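To start, the structure itself, in structure tokens.
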Number of protein chains: 8
Amino acid sequence: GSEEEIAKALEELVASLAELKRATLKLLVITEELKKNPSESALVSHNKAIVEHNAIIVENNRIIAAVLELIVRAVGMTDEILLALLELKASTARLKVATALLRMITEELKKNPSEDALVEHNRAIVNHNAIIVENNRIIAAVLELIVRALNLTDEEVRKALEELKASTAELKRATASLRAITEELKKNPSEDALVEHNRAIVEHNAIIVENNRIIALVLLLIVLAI
Amino acid sequence: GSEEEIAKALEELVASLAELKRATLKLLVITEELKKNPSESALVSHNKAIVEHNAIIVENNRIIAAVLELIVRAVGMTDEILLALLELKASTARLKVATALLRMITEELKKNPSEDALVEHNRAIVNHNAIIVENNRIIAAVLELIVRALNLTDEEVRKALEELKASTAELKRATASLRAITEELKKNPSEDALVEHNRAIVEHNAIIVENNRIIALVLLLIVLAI
Amino acid sequence: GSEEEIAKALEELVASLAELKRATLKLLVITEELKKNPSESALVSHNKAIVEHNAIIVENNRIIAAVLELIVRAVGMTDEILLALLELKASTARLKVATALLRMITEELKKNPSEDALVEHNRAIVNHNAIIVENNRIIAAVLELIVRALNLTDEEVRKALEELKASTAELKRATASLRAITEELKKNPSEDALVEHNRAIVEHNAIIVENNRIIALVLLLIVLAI
Amino acid sequence: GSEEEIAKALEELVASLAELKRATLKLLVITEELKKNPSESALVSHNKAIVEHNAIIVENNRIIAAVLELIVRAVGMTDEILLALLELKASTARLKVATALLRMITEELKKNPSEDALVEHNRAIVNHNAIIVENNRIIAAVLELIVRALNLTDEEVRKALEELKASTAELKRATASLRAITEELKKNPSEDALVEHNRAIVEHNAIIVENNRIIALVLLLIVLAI
Amino acid sequence: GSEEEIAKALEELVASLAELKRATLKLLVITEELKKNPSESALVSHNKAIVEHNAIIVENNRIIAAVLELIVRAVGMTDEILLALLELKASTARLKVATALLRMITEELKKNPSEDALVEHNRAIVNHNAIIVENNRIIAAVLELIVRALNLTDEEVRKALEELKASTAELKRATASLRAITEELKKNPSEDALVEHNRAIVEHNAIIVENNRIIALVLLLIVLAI
Amino acid sequence: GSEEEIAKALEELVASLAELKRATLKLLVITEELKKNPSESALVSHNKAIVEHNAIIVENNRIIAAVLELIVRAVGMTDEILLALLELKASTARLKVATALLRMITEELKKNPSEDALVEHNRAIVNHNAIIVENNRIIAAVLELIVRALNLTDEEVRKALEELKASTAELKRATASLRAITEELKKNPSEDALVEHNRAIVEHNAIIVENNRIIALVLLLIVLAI
Amino acid sequence: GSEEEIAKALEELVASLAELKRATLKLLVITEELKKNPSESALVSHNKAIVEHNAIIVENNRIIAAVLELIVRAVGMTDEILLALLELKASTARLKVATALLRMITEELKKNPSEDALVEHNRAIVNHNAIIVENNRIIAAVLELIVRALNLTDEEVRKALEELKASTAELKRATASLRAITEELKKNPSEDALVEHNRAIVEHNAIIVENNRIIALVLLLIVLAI
Amino acid sequence: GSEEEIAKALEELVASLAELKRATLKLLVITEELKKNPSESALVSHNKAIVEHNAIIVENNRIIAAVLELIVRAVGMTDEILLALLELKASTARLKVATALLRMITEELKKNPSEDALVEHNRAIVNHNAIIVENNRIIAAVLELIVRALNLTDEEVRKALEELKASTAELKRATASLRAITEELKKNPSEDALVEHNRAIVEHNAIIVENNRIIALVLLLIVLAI
């Protein structure tokens with residue numbers, strides 16, 4: 001694309017990041033309210049808020065994939081870039097599918113809520129997040145390839161990539177930890193467990209938001225360096 | 001006011017009536033869903049929807065009171081009209097107060113829901129409706145006085161006032177019946193009772209919407225007859 | 001206004017006239033179908049179609065009144081013109097009011113139809129049409145005044161005004177005849193009468209459409225003559 | 001098809017489900033309105049609304065058959081899959097035929113309504129629904145075959161298939177019950193019966209909508225598992 | 001005042017309550033952010049946010065005192081009411097003074113921040129809150145007197161006063177607890193203590209906001225009962 | 001005075017302090033601009049800005065003296081307080097006189113500027129400031145007496161008085177230093193000296209503003225302690 | 001554009017210049033306050049103020065680019081003008097990108113401040129300013145081309161271009177000097193260095209504001225000469 | 001516009017004329033004071049006062065152009081009127097531009113005054129005045145056309161036009177004379193010359209104010225004659 005398109009899309013990206021931050025703060029609020037005064041309708045409303053937060057994350061990842069497609073068409077594809085973009089487009093479609101899945105089981109829970117339904121819903125949130133994680137790893141791999149293909153020497157870019165790789169390994173560890181406590185919850189579901197679990201979900205989402213911030217810094221540095 | 005103001009406000013009134021009808025249909029839907037699949041979060045969301053329906057009714061009554069003030073300033077006040085308009089302005093303010101009261105106990109229920117809280121909330125809904133009813137009785141008395149002051153001979157107007165008086169007596173009977181079952185619920189609260197009670201509330205609200213339809217026919221006939 | 005505004009608004013007027021003609025043809029179709037195979041649901045659907053046809057007429061008269069306001073601001077007001085435009089603006093508001101009245105009793109008939117409701121609805125249609133007629137008489141008087149104020153000597157204009165005065169007297173006669181058979185129906189209501197009456201209504205609407213055609217010829221001739 | 005096509009079509013599917021839910025809520029509303037104030041024109045309009053709801057269901061089933069064809073072309077046909085898809089394509093054509101039949105007898109009823117015509121129309125609605133049921137049984141058999149062919153071990157998928165088989169047996173029972181009361185109505189047609197019958201139709205349609213929701217959950221789980 | 005003034009002022013009160021709730025949620029957010037990533041500039045900005053939250057509480061108490069003066073002029077003063085209103089007006093002025101004091105030492109901290117300055121600022125926040133508490137105790141005493149003076153028998157009012165007396169004793173206990181940990185901090189100041197202390201402050205402010213909610217329920221119930 | 005008067009006057013005091021701070025910032029700006037690009041019209045305009053800043057300080061000191069008179073009438077006079085208030089009233093009048101003197105020689109400088117006139121004007125600013133200093137010493141002595149007369153044990157008050165005594169000794173030293181460089185300028189006047197001198201003046205005014213801040217903290221602590 | 005558009009946009013430009021001047025004065029104030037009383041939260045707030053000042057400069061440059069596009073469309077493009085406007089639009093987009101980059105690392109610093117973060121932030125401010133400088137060089141080249149293309153003989157214009165070229169060479173030298181002290185700071189970061197560095201930044205920003213003033217004089221002279 | 005708008009705008013015009021007269025008297029005062037006691041800061045302040053006087057003249061000319069647009073829309077445009085109004089709107093925009101130019105070089109002079117800067121500023125005042133003169137010639141041409149288009153026979157109007165044409169030729173001669181002495185000053189700049197020149201400027205501004213008075217008499221006579 002043209003420099004106007006890239007710049008406009010980065011304005012949309014930074015707008016989406018501000019919106020994502022605002023939503024994360026709100027979600028932390030309602031997480032605290034649920035912790036202090038836990039109840040079944042509080043659990044249902046908290047889960048629905050997590051679904052709307054995840055939908056915002058998915059739109060953020062869509063905008064990032066769009067920007068990357070415009071950037072790569074600017075610089076030119078390469079074998080490893082093209083293979084990573086085909087992996088990215090596949091993961092994007094898989095995410096739209098899991099997003100619809102989550103929204104539909106959310107509506108089932110809202111209509112017919114129960115503790116078993118909350119457990120099933122939390123497990124589906126954890127799977128949705130694991131798909132977001134894989135989306136972020138592929139986007140990070142794309143940015144790694146774009147920088148190595150340019151041979152870009154900016155120390156600010158190298159520093160931001162060291163941050164992005166650290167955040168990625170941290171995100172793998174946090175994902176594994178969340179799947180572990182999810183397998184505990186599935187074994188021993190209880191309201192106290194549902195609360196502790198939703199807390200761990202919100203921590204995982206916060207780490208994903210930090211990952212998306214670092215990703216956006218890498219995109220901004222690349223678009224300035226070309 | 002001028003014919004443009006009166007006509008514009010009656011366009012706003014008919015718009016508010018269409019919105020009120022739509023909301024009544026929606027409330028009947030969620031009432032059926034609650035009857036078929038009753039649950040605590042369903043009860044909370046149903047009650048909040050009832051609160052938003054009542055807020056639409058209150059805005060309808062505000063627009064009606066505005067139109068009547070423009071109509072009376074068109075024709076001229078009279079002793080009994082002026083005393084009824086002072087009663088109307090008082091009842092309008094009392095309704096704004098009870099509206100805030102209801103919204104605030106609604107937020108308390110949403111935050112900390114329980115069966116006792118549902119009983120208290122249903123009793124407060126029944127008191128809010130009883131205030132709406134008194135607002136409608138005063139508005140009907142105003143229209144009765146306006147027609148008698150004009151000495152209007154239109155058989156369409158006389159017919160519409162016979163409908164309005166029948167609707168008013170019907171609304172008194174329905175209000176008394178709803179207060180009776182509310183006193184039953186307060187004695188013997190149970191989920192099955194909460195469901196039967198919310199059903200009777202929705203029937204009462206439907207009767208109030210019929211009252212507002214008849215009131216709007218009287219206003220339209222008067223504005224044509226002047 | 002400017003020549004572009006007047007011309008655009010006359011394009012909207014001729015579009016509304018084509019739509020009005022099309023609606024009149026459709027209404028004649030369903031009138032014939034009702035005559036051949038009369039039934040209660042056919043009566044209800046025919047009446048609702050008459051209400052939508054009347055709504056098209058009302059929009060036509062609104063556009064005509066708009067054009068006249070732009071034309072008079074083009075030429076300049078005069079005492080008799082200003083008094084006729086104040087009469088026109090009043091009649092426009094009265095028509096919007098009666099239009100809402102008709103639509104609301106239409107919804108009452110559709111929801112709770114019966115023969116008595118059909119009689120009352122037909123009488124209200126006849127009153128709505130009588131208000132359309134008064135709107136057209138005032139619009140014709142305005143055009144008569146605009147032409148006399150210009151002192152316009154065009155024989156095409158004089159001919160079109162002789163047509164407009166003949167159409168106006170014809171419309172008065174047809175309105176009186178329709179009120180007469182309406183008083184018959186109200187005295188002796190029957191399905192066969194309801195059918196014959198709806199036929200006479202459709203003839204009256206056809207005469208109103210001829211009136212609107214002549215009015216549009218006068219506006220076009222005036223806008224060319226200025 | 002490609003992952004983009006499948007994902008797009010599932011977005012269209014979830015859109016169709018939202019539209020179907022909205023239509024089901026509306027249909028329940030008008031069913032209540034008919035129950036409270038039953039009348040011949042109410043019966044005709046209710047039946048026409050049922051026809052538009054069924055047309056939405058048919059479009060839903062078309063989109064499901066399209067998605068399944070793209071999924072099977074993704075995985076590859078097998079003997080039992082190909083035979084079930086030929087059965088599905090036959091049932092799809094049979095449904096388009098019965099849909100046109102229903103729409104045409106609907107137009108006959110609307111044009112020439114009578115109690116006998118209402119009975120005949122309700123019986124044709126019950127036959128149309130029975131064809132929808134057979135379409136759903138074939139779609140469920142196809143999904144059962146697709147999952148068994150993949151050898152998919154996901155416990156979420158097994159649970160969703162246990163839900164789909166339970167919904168299918170429930171839908172068989174409900175279909176039999178509706179044909180039984182239809183044979184009663186045909187024996188003893190009356191307005192009170194026509195109302196009770198239309199109510200049972202709307203309950204049957206609600207069960208079909210639950211079946212389509214579960215079917216969509218199975219498709220989403222399959223598309224994620226491949 | 002008049003019913004219009006009272007109703008308007010209660011609309012302003014409920015608006016102030018919504019604003020206060022929103023500010024409390026925001027303050028909980030930044031409290032969590034400070035807990036996770038504590039730092040000197042984070043401490044300064046958190047304290048400034050607490051100062052703006054307290055200023056919102058003070059405006060809430062001003063509006064409550066205004067409403068109470070209009071309510072008492074509606075009912076009439078009495079010896080104990082007049083003495084409590086003079087005590088209320090004194091406490092209102094003392095609060096405006098302490099508000100200015102707090103804002104000025106806040107500006108000193110912002111300009112020349114250090115750990116000692118944070119300790120002094122936290123102690124001054126705790127004194128400001130203790131003054132808010134005394135203002136709320138006097139407002140509760142006024143409402144207790146107004147209800148006893150009316151001799152109001154409404155069980156809803158008695159229930160709300162049992163809530164208000166419980167909230168008042170709870171607020172005394174929380175105030176004492178906060179002064180105790182404040183005396184600890186002054187004895188043993190450390191960044192870990194500053195964080196734990198600011199947490200306890202935010203809990204105390206949350207209890208004050210609950211007190212203001214109960215106070216508003218009492219005012220609304222009284223204004224409906226007169 | 002009453003608590004309302006004292007509180008209002010302290011709101012006026014804090015407003016005057018905010019205005020004084022803003023003016024001090026502006027004066028530092030124009031001091032930098034004069035330092036960078038010194039010129040005769042810049043010198044004249046800088047001096048006039050210093051005169052308006054001093055007028056703001058004088059209004060601040062008038063408001064402080066008013067507040068102190070209301071506070072002392074609240075607590076009661078004493079021998080040493082009454083003698084200090086007579087000293088304060090004398091210094092207040094002497095300041096109003098020197099303020100008029102300064103404004104008049106300011107107008108002489110503006111009208112007939114020259115280097116000699118700038119020297120004389122700067123020396124008159126330094127004398128005006130020395131009178132402000134004496135006003136502040138008397139105000140501090142009054143507050144010292146009021147606190148000792150109450151026998152007030154608040155450690156916050158003792159701390160603020162240790163700040164006020166340190167600020168007072170600092171202000172004596174700074175005043176002496178400014179008179180010293182003023183005697184240098186008078187001996188060896190030059191534009192470079194005029195600039196360095198105006199810089200030292202602005203530092204002196206900043207120290208006076210710090211003194212007025214501490215004085216206001218003492219007044220606020222006293223008014224809370226009574 | 002039309003002369004009305006150009007004149008309006010120059011009113012917007014002069015408004016932006018007044019706002020920029022006011023912001024520059026404010027920034028000099030806080031630079032002095034930081035110099036006198038340096039602290040970590042003071043450093044963070046100073047940097048944030050520099051970011052808001054830079055955002056105002058960027059909006060100024062956007063308005064200048066808009067005006068130039070309207071001016072060139074007024075006079076007509078030429079080969080070198082069109083190539084310079086494409087260079088200008090590229091630099092404009094690059095500036096919007098770097099502006100978002102700076103704002104985001106600003107939020108990182110505000111959230112997680114440390115001395116290393118202040119150094120990194122100062123280096124990013126210096127890069128943002130270097131991009132502003134390149135934007136100004138391209139805008140000056142555009143104005144040089146527009147004047148040479150017009151062949152404008154006004155000695156006032158030639159004088160203003162001699163000022164603009166001198167300011168441009170001065171701005172190159174100042175940019176190089178600031179990058180030099182930035183490389184010193186990066187080698188030997190310390191709070192005393194951070195203060196001296198932020199001072200040099202504020203001097204650089206002041207020189208950019210002088211450049212924007214001269215640029216605006218050239219635009220005004222050109223728009224008068226055409 | 002309506003007669004109320006025209007009358008209101010003529011009240012605004014006469015208010016602007018009174019303000020302009022008052023400002024002219026003040027400017028003559030400061031011209032005398034500068035003549036008696038000339039000095040650099042006196043020169044700078046005199047020039048700034050001339051800039052504020054010119055801004056008042058520009059607002060006067062804006063109001064005159066507004067009134068003329070309402071008057072011409074009252075009478076109707078004509079070919080020569082429309083071409084003169086397009087010339088007027090162009091000259092109005094050019095004047096807003098030169099007004100901003102003058103204010104900005106005024107701020108440059110105030111900030112960095114010197115004899116060369118005073119010469120350049122006086123020459124820019126003389127160019128600004130020459131643009132005011134062209135604005136007045138176009139306004140006079142418009143009024144000449146409006147009167148000739150009406151064919152107005154009032155001898156009071158003819159007399160006022162003989163005054164306006166004499167004033168216009170006088171204003172051309174005075175403008176030329178002022179440009180001549182401006183070219184002298186530019187050749188031989190000295191303080192004695194700057195004083196004599198500013199005197200001639202103030203005489204020129206007085207002649208422009210006489211022109212604006214005559215213009216206002218023509219507008220008043222026209223508005224009475226229509």
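Identifiers for the structure tokens are assigned positionally: chains receive A, B, ... in sequence, residues are indexed from 1 per chain, and ligands are indexed from 1 in the order shown.
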Write out, as a Markdown table, each residue of chain F that has an atom at most 7 Å from chain G, together with the closest pair of atoms and their distance in Å to one decimal, counting only C-alpha atoms, rows going by chain and rising number.
```
| residue | atom | partner | partner_atom | distance |
| --- | --- | --- | --- | --- |
| F:25 | CA | G:29 | CA | 6.1 |
| F:28 | CA | G:29 | CA | 6.8 |
| F:29 | CA | G:29 | CA | 6.1 |
```
Extract, using only C-alpha atoms, all DNA, RNA and protein residues at most 9 Å from range 124-127 of chain G, discarding same-chain residues fewer than 3 positions from it, and format them as a PyMOL selection string. chain G and resi 47+50-51+54+98+101-102+105+119-121+130-132+175+178-179+182+201
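The environment of residue 171 in chain H within 8 Å, counting only C-alpha atoms and disregarding residues fewer than 4 places along the same chain, consists of residues 133, 167, 175, 207, 208 and 211 of chain H.
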Output C-alpha atoms for every residue in the selection just made, as a short mmCIF file (atom, residue, chain, number, x, y, z; two decimals), in the first residue's frame.
```cif
data_model
loop_
_atom_site.label_atom_id
_atom_site.label_comp_id
_atom_site.auth_asym_id
_atom_site.auth_seq_id
_atom_site.Cartn_x
_atom_site.Cartn_y
_atom_site.Cartn_z
CA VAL H 133 -8.39 51.86 0.82
CA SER H 167 -14.01 61.40 -0.33
CA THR H 175 -2.83 57.18 -0.09
CA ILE H 207 -9.36 60.27 6.33
CA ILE H 208 -10.30 56.58 6.16
CA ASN H 211 -14.72 57.68 4.36
#
```
For residue 159 in chain D, list every protein, DNA or RNA residue within 12 Å, evaluated using only C-alpha atoms, and leave out those in the same chain fewer than 5 positions away; present the list as a list in words. residues 120 of chain A; 153, 154, 164, 165, 166, 214, 217, 218 and 221 of chain D
Close residues, residue 48 in chain A itself excluded, 9 Å, only C-alpha atoms, min 3 positions apart in chain, as a ChimeraX atom specification: /A:43-45,51-53,103,106-107,110
Any idea what's packed within 9 Å of residue 31 in chain F, counting only C-alpha atoms, ignoring anything in its chain fewer than 5 positions away? Could you give it as a count of residues only? 7
So that I can check the surroundings of residue 64 in chain A, please list as a PyMOL selection string every protein, DNA and RNA residue that reaches within 12 Å of it, counting only C-alpha atoms and ignoring chain neighbours fewer than 2 positions away. chain A and resi 6+9-14+16-17+57-62+66-71+88-89+92+135-136+138-140+142-143+212-220
Out of A:155, A:191, A:134, A:108, which residue has the shortest atom-to-atom distance to residue 169 in chain A when counting only C-alpha atoms? A:134
Calculated over only C-alpha atoms, which of the candidates H:128, H:162, H:223, H:147 has the smallest distance to residue 204 in chain H?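 When distances to residue 204 in chain H are compared using only C-alpha atoms, the smallest one comes from H:128.
Here CA of residue 75 in chain G stands at a distance of 27.5 Å from CA of residue 209 in chain G.
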